[PDB]
Trainee: 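I have a structure here, written as structure tokens, and I will follow up with some questions on it.
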Amino acid sequence: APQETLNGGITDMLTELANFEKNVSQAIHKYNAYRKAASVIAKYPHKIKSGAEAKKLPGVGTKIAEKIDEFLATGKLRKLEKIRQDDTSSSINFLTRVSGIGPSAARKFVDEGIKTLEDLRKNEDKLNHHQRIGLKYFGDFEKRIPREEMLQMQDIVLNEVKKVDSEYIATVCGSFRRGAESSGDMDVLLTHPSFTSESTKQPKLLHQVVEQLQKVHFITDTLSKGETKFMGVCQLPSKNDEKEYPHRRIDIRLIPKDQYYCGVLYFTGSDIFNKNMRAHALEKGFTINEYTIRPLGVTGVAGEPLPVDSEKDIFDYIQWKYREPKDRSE
DNA sequence: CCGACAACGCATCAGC
DNA sequence: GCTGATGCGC
DNA sequence: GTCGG
Ligand code: NA
Ligand code: NA
């Protein structure tokens, strides 16, 4: 893709604003608008020379075009400079970097004097369990995960899941399944045949898997766990003397077999590929989401979901050719 | 002008 | 105690 | 903030 140099100043700029609307203003939608604007500009193989020029790209509007002109004519953005110096905003911004601390908690902390990691360390019992772990692994969580490690992590997850029960089936999705050379977290999708839409969700299916992983000491902390979704912390074992790997984020989801592959495709993305998958499913005459695919009658009314026992199955339906996960980037 | 913008499982907080 | 709202994960 | 019914 284009070199950051090209419009990195613009992209960094728009990203900064994005984190601001997200952490300080609590405007998730504006956050995404800036994020989106930033992406489409990041893939633009041209050094932008005017706000008007950017505006031609989808996702960029009047406001941002104006902001792009100012940045090109002055080298900065006034609203942005006054934000960086605002000790309140910059404090709230920093604190959200801790997993578990959202815009609300971050606002509350800042208000009562808590503004730095140190302050967080001093006020333990003012943090919930999730937040304490985020603090405990602040550094680690901001590190990316190299592919070779996902592999190692994957080797362990499979071995253990299989060591628990042969019938299980687990699939590490996310960008990784598509060959990404680095991941931000592992997202394991799991399922057992003894579980369908109308089947005993056996409160030990997911449990016994988390159970095993805890035994082999791969999973080091739990952020949340229920009957269908687990969010915790994991870590690859080090070798004698050798430095230990950083703790990583992992999520394990239990999906009913009749929805498994349907979800496998979903949480495998990308998102842009999932939409070209969305719109197409429409024309052909099918409704797609993470759980099922349903036939659409002549008046929107979707009939009962169709059987699926593989990603291809879903592909054959919309009469599309199975597009390998490596080429689903779009 | 004005609503959608992805979504929902879980932990915790508010209220009865 | 229970039901519903809200905060959070990106 | 941007898109679009
Ligand atoms: Na535009
Ligand atoms: Na956070």
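Below, chains carry the letters A, B, ... as their sequence lines are ordered, and counting in each starts from 1.
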Trainee: Salt bridge or not for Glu70(A) and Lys67(A), using N-O below 4.0 Å?
Mentor: no
Trainee: Let me spell it out: for each of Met231(A) and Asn32(A), pick the nucleotide of DNA chain B with the closest heavy atom. Which residue's pick is nearer the 5' end?
Mentor: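 Result of the comparison: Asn32(A).
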Trainee: What is the separation between atom CZ on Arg144(A) and atom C1' on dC10(C), rounded to the nearest whole Å?
Mentor: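 Rounded to whole Å, this separation is 12 Å.
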Trainee: Given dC8(B), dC3(D), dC10(C), identify the nucleotide with an atom nearest to the side chain of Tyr291(A).
Mentor: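 So the nucleotide nearest the side chain must be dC8(B).
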Trainee: Measure CG/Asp271(A) against P/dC5(B) and give the value in whole Å, please.
Mentor: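 Spelled out: CG on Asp271(A) to P on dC5(B) is 15 Å.
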Trainee: Looking at the side chain of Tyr266(A), which of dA6(B), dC3(D), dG1(D) is the nearest nucleotide?
Mentor: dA6(B)
Trainee: Which nucleotide sits closest to the side chain of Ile64(A): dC10(C), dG9(B), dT2(D)?
Mentor: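 My answer, after comparing the listed nucleotides, is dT2(D).
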Trainee: Measure from the ring center of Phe138(A) to the ring center of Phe94(A) and say whether it is less than 6.0 Å.
Mentor: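 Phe138(A) vs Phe94(A): aromatic centres under 6.0 Å.
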Trainee: Within the 4.5 Å heavy-atom criterion, are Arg97(A) and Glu142(A) side-chain neighbours or not?
Mentor: yes
Trainee: If you only use heavy atoms from C-beta on, which nucleotide in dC8(C), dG1(D), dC10(C) is closest to the side chain of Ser104(A)?
Mentor: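 For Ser104(A), the side-chain atoms sit closest to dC8(C).
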Trainee: Which is true for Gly100(A) with a 4.0 Å heavy-atom rule: it touches a base, it touches only sugar-phosphate, or it touches nothing?
Mentor: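 Answer is sugar-phosphate: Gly100(A) comes under 4.0 Å of backbone atoms only.
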Trainee: Can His217(A) and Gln214(A) be counted as having a side-chain donor-acceptor contact under 3.5 angstrom?
Mentor: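 Short answer, no.
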Trainee: In this structure, how many angstroms lie between the P atom of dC8(C) and the CZ atom of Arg132(A), rounded?
Mentor: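 Taking atom P of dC8(C) as the reference, CZ of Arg132(A) is at 17 Å.
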Trainee: Between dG4(D) and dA6(B), how far apart are the two P atoms, rounded to whole Å?
Mentor: 14 Å
Trainee: How far, in whole Å, is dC5(B) from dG9(C) if one measures between their P atoms?
Mentor: 22 Å
Trainee: Can you tell me how far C1' of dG7(C) sits from CD of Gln131(A), to the nearest Å?
Mentor: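 Interatomic distance, CD of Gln131(A) to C1' of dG7(C): 10 Å.
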Trainee: Have a look at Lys30(A) and say if it touches a base, only the backbone sugar-phosphate, or nothing, with a 4.0 Å heavy-atom cut-off.
Mentor: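 It contacts base atoms.
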Trainee: May I ask you to say what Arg253(A) touches in the nucleic acid, namely base, sugar-phosphate or nothing, with a heavy-atom cut-off under 4.0 Å?
Mentor: nothing
Trainee: Sticking with atom P, work out how far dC10(C) lies from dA4(B), rounded to a whole angstrom.
Mentor: 26 Å
Trainee: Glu112(A) vs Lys126(A), test: salt bridge (charged side-chain N to carboxylate O under 4.0 Å, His left out). Steps then yes/no.
Mentor: CA-CA 11 Å; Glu112(A) 67 181 326; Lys126(A) 198 155 292 189; 3.5 Å; yes
Trainee: What does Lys55(A) touch in the nucleic acid at a heavy-atom separation under 4.0 angstrom: a base, only the sugar-phosphate, or nothing?
Mentor: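 Nothing, no nucleic acid heavy atom in range.
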Trainee: For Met277(A) and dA6(B), give me the distance from atom CE to atom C1', rounded to whole Å.
Mentor: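 Going from CE in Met277(A) over to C1' in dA6(B) covers 17 Å.
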Trainee: What's touching nucleotides 10-12 of chain B from the protein side, N or O pairs under 3.5 Å?
Mentor:
residue, atom, partner, partner atom, Å
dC10(B), OP1, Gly226(A), N, 3.3
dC10(B), OP1, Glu227(A), N, 3.0
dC10(B), OP1, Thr228(A), N, 3.1
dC10(B), OP1, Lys229(A), N, 3.1
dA11(B), OP1, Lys225(A), N, 3.2
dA11(B), OP1, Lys225(A), O, 3.2

Trainee: Under 4.0 angstrom, heavy atoms only, what part of the nucleic acid is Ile28(A) near: base, sugar-phosphate, or nothing?
Mentor: base
Trainee: Find the distance between CZ (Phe71(A)) and CE (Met13(A)) and round it off to the nearest 0.5 Å.
Mentor: 6.5 Å
Trainee: So that I can tick it off, tell me whether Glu160(A) and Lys215(A) are bridged by a salt bridge, with the cut-off set at under 4.0 angstrom between side-chain N and carboxylate O.
Mentor: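 No.
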Trainee: Side chain of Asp185(A) only, please: which of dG1(D), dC10(C), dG9(C) is the nearest?
Mentor: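 Looking only at side-chain atoms, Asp185(A) lies closest to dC10(C).
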Trainee: Does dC10(C) have its OP1 or OP2 closer than 4.0 Å to a side-chain nitrogen or oxygen of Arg249(A)?
Mentor: yes
Trainee: What is the distance from CG of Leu14(A) to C1' of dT2(D), rounded to the nearest Å?
Mentor: 13 Å
Trainee: Can the positive tip of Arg323(A) be found less than 6.0 Å from the middle of the six-membered ring of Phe315(A), inside 45° of the ring normal?
Mentor: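 The answer is no, since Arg323(A) fails at least one limit relative to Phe315(A).
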Trainee: Roughly, in whole Å, what's the span from CZ in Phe267(A) to P in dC8(B)?
Mentor: 9 Å
Trainee: Using a heavy-atom cut-off of 4.0 Å across all strands, would you classify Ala37(A) as base, sugar-phosphate, or nothing?
Mentor: nothing
Trainee: Once you round it to whole Å, what is the distance between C1' of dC3(D) and NZ of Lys56(A)?
Mentor: 18 Å
Trainee: Please tell me which of the listed nucleotides, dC3(D), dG9(C), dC5(B), lies nearest to the side chain of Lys36(A)?
Mentor: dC3(D)
Trainee: Where the side chain of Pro103(A) is defined as all heavy atoms beyond and including C-beta, which of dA6(B), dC8(C), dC8(B) is the nearest nucleotide?
Mentor: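 It is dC8(C).
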Trainee: Pick base, sugar-phosphate or nothing for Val40(A), based on heavy-atom distances below 4.0 Å to the nucleic acid.
Mentor: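 Nothing: the residue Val40(A), judged by heavy atoms under 4.0 Å, touches no strand.
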Trainee: May I ask you to decide whether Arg248(A) forms a salt bridge with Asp140(A), counting only side-chain N to carboxylate O separations under 4.0 Å?
Mentor: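 Between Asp140(A) and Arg248(A) there is no salt bridge, as every charged N stays at least 4.0 Å from the carboxylate O atoms.
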